[PDB]
C-alpha cells in the first residue's frame, strides 16, 4: 500500500523523508510526499483524496478550516513543532518598544489570535477578561497600551516583513524555511495548545496504515531522531 503525505515545505516534510518514510518502507509501504508552501491547500487535498494524511497545522486551525469548508477530516496525533515567536525587526530588543511600534502578524484568524495573546502577555496590549483566547480578535482588545500598530500579512510573508516593521511574529515552519533560528526569538509562545497534529479523513481513522504511521511518529527511534534534529521544538503532550 502507498501512503500519501501532505506537508508544508521544510521541517514537517523533512521528518517524513529522513525518518518516517524509511521506517514505513521496512513494513512494506511505499510513501509519497507532497509539499505545500501554503496553509490552505493541504486540508482540501486531504478531503479530496489526493492525500491520505497531512501534517502542518494545529487543532484550532484544523477546527476553523473543517467548519468553514465542511470537510470530514480529523486530528490523529501530535508531532514536534516549531514554536511561534516574536522576532527582531527594525528593533532588536523587547526593551526598545515604542509607542506606535509596528508588529507584523499572520492574517488568518486562528493564528492571529495567538499574536494578540502574546502581545497581552508582553503587556503591549490588554485583552478583555474572560474572552476565548483561541478566537481572540481586535474586538477583544480592551486597551492598546502601547498603541501598537499590528501589521497583518499572509503567513508566508512574515519572515521578510522584518525589514519593514519593528517586530515580526512568525509561524515556526516559515521561520525555519526562511533561514531563521528559534534562538533569535525575543519571546516564544509559552502555550502548548498549538502543537501541530496530523490529520486524516474521518473514514481512515481506524486504518492499519494509519496505525503504522502513528507509531512511526512515536517510537523511541523517532523521539531520539527528533531530540537531536529538531532541538527547541515543542513536543507532543503524549510524550
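Positions refer to the first chain, counted from 1.
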Do the CA atoms of 90 to 98 or those of 164 to 172 have the higher mean B-factor in the entry?
90 to 98
Looking at the entry, does 27 to 35 or 57 to 65 show the higher mean C-alpha B-factor?
27 to 35
For the C-alpha B-factor as written in the entry, point me to the maximum among 84, 117, 139, 156.
139
Can you work out whether the C-alpha temperature factor of residue 11 puts it in the lowest, middle or highest third of the chain?
lowest
Taking the entry's C-alpha B-factors for this chain, is residue 110 in the lowest, middle or highest third?
middle
Chain thirds of CA B-factor: placement of residue 188
middle
Sorting by Cα B-factor within the chain, modelled residues only, which third would residue 214 end up in: lowest, middle or highest?
middle
Among all modelled residues of this chain, ranked by Cα B factor, put residue 133 in the bottom, middle or top third, i.e. lowest, middle or highest.
highest
